[PDB]
């Protein structure tokens, strides 16, 4: 995409801590949340959930003709319900503006006006605080890393002149087709509007890359998941390469399921939640350690702190069936996938070594708040598949009727997540 000139681009300031020193940074809104319009005027190129057939008769003409616009200082709060102060950032779910309504948001941490911050997580401890108290069943307030390009695509894709400054270049391990710009081009060829999301559609292209989910959670359940892909960084896909939901799920270049560590799923039902060992009713500190051996990742450990207590990660609880692993390791991934009857696509795509190499190349930090139009977040917080009674189906305490976006958007529009005190530093000892 190119950048429009209707609205000036302002990144929202955010402070964080890197190896002992305060960094005055900012966040940027993902391009998918922006207005896409003609370069000549205010006519929408993306209108509801379809592209304008006159402006965008094919992708190349669409790309020529259409621009993504800025988000100015006032737009952050007025349109997206996003606020920041100091080291704290708050995302909102439903924000009713003047003439339209926004649902959720996705933002990236900037290094400067033109480039994302790049995190090299190997042999480091990453931590932050989160308040997930105001996220019901069905919501996901997520903090995660993806193998995006630092500049958002502008060096590799000459029709992307907007770049990281306008939140371009998202990719993740789902190879999502709902991205409006991929590889610097409008993803308008083959576009089908979604049946249940009036702002969304899908195009021919997907946007694939490695993904390290540090925190996917609401007040009822939480997980952390490594997803490795067999391709190098940001990778556009078509066809079978995208590994689309359904028959193609395991046939693409990315591990969609991931090697997931979800305490409730692993048989620790009172560990996290309302009044849990980790109490989702109050702020908590999430510490994640990327442990290496011989320079390669071999373990992703989790520690929690809350009210001055240090809380070790809850171990796998299937006595006699699976060992009491308490972290993501190769053997955990293999053993738990066997017990759950899950295809081990993590190892297929490269496994821990693969992941390691992804982390070595550096990742972008993502914070988002969304609902789930595909699976109603049931994979996180309920039972999935809904009628399944075998090991690994049970995910959280929520009803299998929970999480329909039409329901949660109506019933809990005021839901929010707050992230704060982002920090990276050396791996610390926790007694």
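Residue numbers count along the first chain shown, from 1.
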* To do: Determine, for stretches 275-283 and 123-131, which one has the higher mean CA B-factor as deposited.
  => 275-283
* Would you tell me which stretch averages the higher CA B-factor in the PDB entry, 390-398 or 360-368? => 390-398
* 225, 115, 230, 95, ranked by C-alpha B-factor: the highest one -> 95
* Structure fact -> Top Cα B-factor in this entry, restricted to 238, 147, 154, 198, sits on 198
* Structure fact -> residue 166: CA temperature factor from the record, placed by chain third, in the lowest
* In terms of the CA temperature factor given in the entry, to which third of its chain does residue 374 belong: lowest, middle or highest? -> highest
* **Entry-reported Cα temperature factor of residue 11, expressed as the chain third it lands in** => lowest
* Just say lowest, middle or highest third for the CA B-factor of residue 49 relative to the other modelled residues in its chain. => middle
* Hey, what third does residue 304 fall into on Cα B-factor, ranked over its chain? -> lowest
